[PDB]
Amino acid sequence: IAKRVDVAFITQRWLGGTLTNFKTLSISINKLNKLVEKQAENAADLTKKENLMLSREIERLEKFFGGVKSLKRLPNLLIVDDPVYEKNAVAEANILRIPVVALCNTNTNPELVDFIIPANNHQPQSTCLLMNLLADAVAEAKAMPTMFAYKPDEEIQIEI
Amino acid sequence: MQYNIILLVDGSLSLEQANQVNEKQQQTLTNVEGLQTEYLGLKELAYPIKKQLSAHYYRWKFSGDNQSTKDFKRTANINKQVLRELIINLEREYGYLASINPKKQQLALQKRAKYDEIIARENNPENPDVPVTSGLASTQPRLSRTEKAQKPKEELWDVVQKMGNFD
Amino acid sequence: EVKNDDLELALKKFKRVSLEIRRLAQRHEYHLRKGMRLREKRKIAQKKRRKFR
Amino acid sequence: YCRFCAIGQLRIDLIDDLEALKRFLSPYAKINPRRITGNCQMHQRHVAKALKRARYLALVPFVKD
Amino acid sequence: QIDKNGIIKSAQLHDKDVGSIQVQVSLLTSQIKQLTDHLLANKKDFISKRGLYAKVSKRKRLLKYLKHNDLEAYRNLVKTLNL
Amino acid sequence: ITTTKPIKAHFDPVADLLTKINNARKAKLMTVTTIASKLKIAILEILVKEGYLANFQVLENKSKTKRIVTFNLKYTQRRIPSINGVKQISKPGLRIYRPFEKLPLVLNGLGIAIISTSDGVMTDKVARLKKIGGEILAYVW
RNA sequence: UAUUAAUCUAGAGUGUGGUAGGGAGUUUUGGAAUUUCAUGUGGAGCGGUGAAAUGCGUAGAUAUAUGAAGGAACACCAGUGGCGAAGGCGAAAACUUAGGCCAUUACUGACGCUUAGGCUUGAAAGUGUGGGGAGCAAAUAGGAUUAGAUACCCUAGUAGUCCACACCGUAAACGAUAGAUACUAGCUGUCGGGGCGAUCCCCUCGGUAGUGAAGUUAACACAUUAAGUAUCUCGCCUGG
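Heads up: the sequence lines are chains A, E, T, Q, N and G, in that order.
Sequential numbering of the first sequence, starting at 99, is according to PDB author numbering.
Sequential numbering of the second sequence, starting at 1, is according to PDB author numbering.
Sequential numbering of the third sequence, starting at 5, is according to PDB author numbering.
Sequential numbering of the fourth sequence, starting at 40, is according to PDB author numbering.
Sequential numbering of the fifth sequence, starting at 2, is according to PDB author numbering.
Sequential numbering of the sixth sequence, starting at 2, is according to PDB author numbering.
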């Protein structure tokens, strides 16, 4: 979904502090730009240790700050697969004023989510269908094609 | 109450004299009637009570006066012919009136189905099946009706939400 | 065990028997409070339950 | 799995039930624990009382196996 | 035994009554007498003394309540002497 | 209409209704029931005509042998009860009776207190209009 | 609200049937073990400690085989067990008795809570009267230990530990939480009652535990058995 639609994404969950302030996000994006445009000219000149450190820093930035490189203002929306296992960001959003839309079956606190989606994520097919539906929902805004919104077919795929 | 009086003769002795002493000692009972004469044959004791490893056991079955036994108690203890005078009454934990007994079909089905007569059948003695079909100790219903109602309202949805078009 | 027909396994189980005898006599080689005795009994039961899940 | 739970008899007499009691007898002639017998709270103490009464009647040796 | 049935037959007030005042007080008196006999038999039955005191308290409070709310309520006392 | 699990009268009308109200607004419960009596009927009447309470019903099975009342609470889509606080002033151990000019007012007039003088319970403003004082029973707001 | 007059029964007990326990006391019975003694063999050690010693031994001990006497505690079952108001309650049985739980379709008519004063019970140590007194053992003696040890270690030995009668009324007599009254999200074990039924699971009322949201307390922590919610009564609290 992230490689399909030009929107930011999170690979590994937040460690806290990466969403409450913009200055850390600003130094992160500056580090990303400096790292990429400097490693564009440094791949085998010195010892393998520094080049491997550059690659490791790139991979770490992908792990944590991978998707946050196209924003100048704080994210106006975020979609969560479950309030459990992602409590930090949703708690910050309660502290903040940003609206929250999230998936939750029954293991949530409905107070922490302002747009409840009682869609169970235990079965992979339902999660895939809802994720594609939301991708198509955000697709129309940027004038890009939609695939599964009114299609008379259910996404069936054996668990990998 | 019931009276299961288990009586012991003096070790290994004859049968004729055993019946003689049994019927002689049964004369001490004051007025209680309804007993059955019984004998449990020649059994082997687990440990030597006095000197013998074998004796005759006797089981009594009757019901009557609660004060018609202490005399038998004081006569049995002193004499050497009678050794043990175990008494069971209806104080032993029990209960049945007309419907708690006929449930032996449970063990009948256990014995029948549990044993395997075919090499392709296995029915474990601890298995669940969810057999509760009808009968549920009904919830004690109690009906009523309103006579003076006022201000009817209906609310369907109550959870946190907010407006749209976040600008 | 009581009988003996194996090679040395009879003594191997007699080791368990002797351990049981020693642990039973553990309550009869020194005197303590009855309340403390029952508390120790409860603690031993808890230890057994931990050994037995 | 308890035999006194598979019947629901809730009552045991001294005679004609001694074989089960002796089956519940350890080779040390002691009352077996609740790990295997399956008796929960009532069958267990009834069996214990019956075995004690049998011991008083010299049906089960006390310690002399 | 107390033989409650004779106590029922003693002072009935209805065609079927086992919870009236008269039956309660008569059963209380019978139990009091039985427990007095048993306590003079053995003089260390403390729980029995506590039960005796509970029974006598119940009897006294019921008799006082009957005498307060009704006048002819204690007409079973002449035929069944108090205490 | 059916309610099993029989209820019991707590000790008295005012304390029972007030503790039920407090526990309901703590637990966000819609419907609360209690034993029927004239005083509780009057309290429910005044508290529902004062715009602090939802539907209220009084019911019986066949006689006064089992007669109860039940009531709901006014709410909002944002999960907030209309009432916010309550405190009983009259207690079974102490009842205070006050004249006209000693009539208390809650918040500063925002809250409503319940005063009964000779014609059932009523609001403070009406009692002051009729210049009859009497006894208060509880403050709600 | 205070009085009286009546009514009805959601309180209360009563009864009916089912019902569970180490509940309590009185009276009989058993075995296991210890000590001593008598008899059978026995010949230089025994016993005890971190090390040793005190102590015991040729009058032949410990080791054992059989038996007797005798009184103290009633392993195994025995456990997030149960019972009672509390202290407390666990060999077997006989007698009496206590209260509890469930359906009430039964009864009477609010007879209910608490309780100043009084009354009853109330570990263990001790006091008085008298027995019995196997072991266990404060004070007491000895031997080791220590600079010293009036202690921990060991061997000795009464009070006492047992019981019958009449006393003491102390405590960490603790859930350090007075009782009662209703009401307030859930979840997981155990047991008791009812129904269904091979067990098992199911539901309903309960005892009993653990986990855990609102809420509360300064915090710890508590959590339908509250230290929540409010009420009634009694007692208690005013720096050290």
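Here a beta-carbon is modelled for each residue, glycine too, at the ideal position from N, C-alpha and C.
* For the region 117-130 of chain E, enumerate the residues whose C-beta is nearer than 9 Å to any C-beta of chain Q, in chain order. => 124, 125 and 126
* Asked: So, does the CB of residue 100/Q fall closer than 9 Å to a CB anywhere in chain E?
  -> Taking the fourth sequence and counting its residues from 1, the one referred to as residue 100/Q is at position 61. Yes, contact with chain E.
* Whose CA, out of 142/E, 46/E, 94/E and 108/E, lies closest to the CA of residue 82/Q? -> Taking the first residue of the fourth sequence as 1, we reach residue 82/Q at position 43. Comparing Cα-Cα distances from residue 82/Q to each of 142/E, 46/E, 94/E and 108/E, the minimum goes to 94/E.
* To do: Please report the Cβ distance between residue 130/E and residue 79/G, rounded to the nearest whole angstrom; I am assuming they are in contact, meaning their Cβ atoms lie under 8 Å.
  => Residue 130/E sits at position 130 when you count from the first residue of the second sequence. Residue 79/G sits at position 78 when you count from the first residue of the sixth sequence. Contact doesn't hold; Cβ gap of about 43 Å is too wide.
* To do: Report the option in 47/N, 7/N, 9/N and 26/N whose CA atom is closest to the CA atom of residue 83/N.
  => Taking the first residue of the fifth sequence as 1, we reach residue 83/N at position 82. When each option's Cα is compared against that of residue 83/N, the closest is 26/N.
* Given that residue 143/E touches chain G, what residues does it touch there, using C-beta distances under 7 Å? -> Position 143 of the second sequence holds residue 143/E. 3 and 62, listed in chain order.
* Identity of the residue in 112/A, 110/A and 191/A nearest residue 174/A by Cα -> What you label residue 174/A is simply residue 76 of the first sequence in a count that begins at 1. Ranking the options by Cα distance to residue 174/A, first place goes to 191/A.
* Asked: Near residue 28/E, which residues of its chain fall below 8 Å by C-beta distance, leaving aside the five closest residues on each side in sequence?
  -> For the purposes of this step, residue 28/E is taken as the residue at position 28 of the second sequence. Correct list, in chain order: 71, 72 and 75.
* Asked: Helix, strand or coil: which one does DSSP assign to residue 107/G?
  -> If you number the sixth sequence from 1, residue 107/G lands on position 106. The answer is strand: DSSP assigns residue 107/G an E or B state.
* Asked: Does the region 34-50 of chain E touch the region 226-239 of chain A, meaning 3 or more C-beta pairs lie closer than 8 Å?
  -> no
* Whole-angstrom distance between residue 122/E and residue 113/E, CA atom to CA atom -> Translated into positions along the second sequence, residue 113/E becomes position 113. Translated into positions along the second sequence, residue 122/E becomes position 122. Cα to Cα, the separation comes out at about 9 Å.
* At what residues does the alpha helix (DSSP H) containing residue 127/E begin and finish? -> On the second sequence, position 127 is the one that residue 127/E refers to. Element bounds for residue 127/E: n/a, residue is neither H nor E.
* Nearest-angstrom Cα separation, counted from residue 32/E out to residue 65/E -> Here residue 65/E refers to the residue found at position 65 of the second sequence. Here residue 32/E refers to the residue found at position 32 of the second sequence. The straight-line gap from Cα to Cα measures roughly 6 Å.
* To do: Show which residues of chain E have a CB atom less than 8 Å away from the CB atom of residue 197/A.
  => Working through the first sequence from its first residue, we reach residue 197/A at position 99. The answer, in chain order, is 162 and 166.
* **Within 9 Å, strictly: CB atoms of residue 52/N and residue 36/N** => Here residue 52/N refers to the residue found at position 51 when the fifth sequence is read from its first residue. Here residue 36/N refers to the residue found at position 35 when the fifth sequence is read from its first residue. Against a cut-off of 9 Å, the Cβ pair of residue 36/N and residue 52/N comes out as a contact.
* Asked: To the nearest angstrom, how far is it from the Cα of residue 71/Q to the Cα of residue 92/E?
  -> On the fourth sequence, residue 71/Q is found 32 positions in, with the first residue counted as 1. On the second sequence, residue 92/E is found 92 positions in, with the first residue counted as 1. Looking at the two C-alpha atoms, the distance is approximately 22 Å.
* Under the three-state reduction of DSSP, which class applies to residue 66/N: helix, strand or coil? -> As a first step, residue 66/N is located in the fifth sequence; it is residue number 65 there, counting from the start. It is helical.
* To do: Take residue 77/G as the anchor and find which of 91/G, 55/G and 6/G has the nearest alpha-carbon.
  => Counting from one through the sixth sequence, the residue named residue 77/G turns up at place 76. That would be 55/G, whose Cα lies nearest to the Cα of residue 77/G.
* For the beta strand (DSSP E) containing residue 138/G, list its first residue and its last residue. => Here residue 138/G corresponds to residue number 137 of the sixth sequence, with the count starting at 1. Run containing residue 138/G: 135-141, per the beta strand (DSSP E) assignment.
* **Near-chain E residues of the region 167-184 of chain A (beta-carbon distance less than 9 Å), N- to C-terminal order** => 174 and 175
* To do: Counting only the same chain and skipping the five closest in sequence on each side, list residues whose C-beta sits under 8 Å from that of residue 115/G.
  => Residue 115/G sits at position 114 when you count from the first residue of the sixth sequence. If we look at residue 115/G and ignore the five residues flanking it on each side, its Cβ neighbours are 44, 47, 48, 122, 123, 124, 137, 138, 139 and 141.
* Asked: Listing by chain order, which chain Q residues have their CB less than 7 Å from the CB of residue 90/E?
  -> As a working note, residue 90/E is residue 90 in the second sequence. Within chain Q, no residue comes near residue 90/E; the closest Cβ sits about 11 Å away, beyond 7 Å.
* By a C-beta neighbour count over all protein chains shown, 10 Å radius and 16 as the cutoff for buried, is residue 55/N buried or exposed? -> For the purposes of this step, residue 55/N is identified with residue 54 of the fifth sequence, where counting begins at 1. Exposed: under 16 other Cβ atoms inside 10 Å.
* Candidates 170/A, 135/A and 152/A, of which the one nearest residue 142/A by Cα -> Residue numbering aside, residue 142/A sits at position 44 when the first sequence is read from its first letter. Checked all of 170/A, 135/A and 152/A; the closest Cα to residue 142/A is 152/A.
* Out of 100/A, 158/A, 205/A and 245/A, point me to the one whose CA is closest to residue 220/A's CA. => Along the first sequence, read from residue 1 onward, the residue named residue 220/A stands at position 122. Answer by Cα proximity: 205/A.
* Over the uninterrupted alpha helix (DSSP H) stretch that includes residue 24/T, give me the two end residues. => As a first step, residue 24/T must be located in the third sequence, where it is residue number 20. Counting along the chain, the alpha helix (DSSP H) containing residue 24/T begins and ends at 13-29.
* **Close-in-space but distant-in-sequence residues of the same chain around residue 67/N (CB under 7 Å, 5 per side omitted)** => As a first step, residue 67/N is located in the fifth sequence; it is residue number 66 there, counting from the start. Only 22, 74 and 75 meet the Cβ criterion.
* **Span separating the alpha-carbon of residue 100/A from that of residue 166/A** => Your numbering for residue 100/A matches position 2 in the first sequence. Your numbering for residue 166/A matches position 68 in the first sequence. Distance between the alpha carbons of residue 100/A and residue 166/A: 12 Å.
* To do: Please classify residue 177/G: is it buried, with 16 or more other beta-carbons within 10 angstroms of its beta-carbon, or exposed?
  => The structure shown does not extend to residue 177/G, since chain G is modelled only from 2 through 142, so no value can be given for it.
* Taking C-beta to C-beta, are residue 63/Q and residue 90/Q nearer than 9 Å? -> If you number the fourth sequence from 1, residue 63/Q lands on position 24. If you number the fourth sequence from 1, residue 90/Q lands on position 51. Yes.
* Asked: If we cut at 9 Å on Cβ distances, does residue 31/G have a partner in chain E?
  -> Working through the sixth sequence from its first residue, we reach residue 31/G at position 30. True, the Cβ-Cβ gap to chain E drops below 9 Å.
* Asked: Does the beta carbon of residue 69/Q sit closer than 9 Å to a beta carbon anywhere in chain E?
  -> Within the fourth sequence, residue 69/Q is the residue found at index 30, counting from 1. Not an interface residue.
* According to the Cβ coordinates, are residue 15/G and residue 42/G closer than 9 Å? -> Position 14 of the sixth sequence, counted from the start, is the residue given in the question as residue 15/G. Position 41 of the sixth sequence, counted from the start, is the residue given in the question as residue 42/G. Cβ atoms of residue 15/G and residue 42/G: not closer than 9 Å.
* At 8 Å on the CB atoms, spell out the chain E contacts of residue 250/A, in chain order. => Numbered from its first residue, the first sequence carries residue 250/A at position 152. Correct list: empty, because the minimum Cβ distance to chain E is about 28 Å.
* Asked: Just by C-beta distance, which residues in the region 43-59 of chain G are closer than 7 Å to chain E?
  -> 49, 55, 56, 57, 58 and 59
* residue 7/N, DSSP secondary structure in three states -> Residue 7/N sits at position 6 when you count from the first residue of the fifth sequence. Looking at residue 7/N - three-state DSSP - the assignment turns out to be helix.
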